């Protein structure tokens, strides 16, 4: 019996394609000569934003530039400074990226009718979530609980946020819970948490596509991109992979049998 589902936020319940952080991540590196790609900017998506900045400076290709430019590799000063700007730019647009993804609300309402708790973990800080959650609620979305990396010792890939969700929801064991995410870090989080782990494809950070891009992309080109994402989720621990949240119910039924 699955008693609770723990949802990721960006790329899973709100912000289709997880675009809020994408342009900001590139902006803070561009202003210094390092032109990171969208694909690199998306690789560590899901972890705490500051950890994400660090992960980017860690990547060989990104560290390669920086060193050759500033004549030295990134230091804790360079990370903290860019993250600082990340926040200033992020906070101004953040209210715009809290729109519940297309069919998530109906799935949430469906899970509640059945008495399934609605938990959630995040890559955003608490300060960011006061904005995201308030704005999302205005738009019709508010989970039963919400834990940010600020509430536990560390964010993803660690299962700490998931454990806190369980405590406050009163659900045990962990296998009585499903974790639904859209990034590679969400999958590692679910598995490290010992919970049934699901990956959403459309609207995910891993696809990196906007709604319009999905609706207008060549059908074959899309599927090709969908399988790449599905395979990525699988290689990274996903027990299940769903194209949209509309299949969540099916995964739940499968698990219970």
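Residue numbers count along the first chain shown, from 1.
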query: Mean temperature factor over C-alpha atoms, higher-scoring stretch between 74-82 and 119-127; finding: 74-82
query: Mean C-alpha B-factor comparison - 132-140 and 89-97, higher one; finding: 89-97
query: Per the PDB entry, maximal CA B factor within 36, 207, 200, 47; finding: 36
query: Residue with maximal Cα B-factor (values as given in the PDB entry) among 14, 24, 234, 248; finding: 24
query: Where the record places residue 214 (Cα B-factor, split into thirds across the chain); finding: highest
query: Lowest, middle or highest third - CA B-factor, residue 226; finding: lowest
query: Third of the chain's Cα B-factor distribution that residue 4 belongs to, per the entry; finding: middle
query: Cα B factor band for residue 188 (lowest, middle or highest third within the chain); finding: lowest
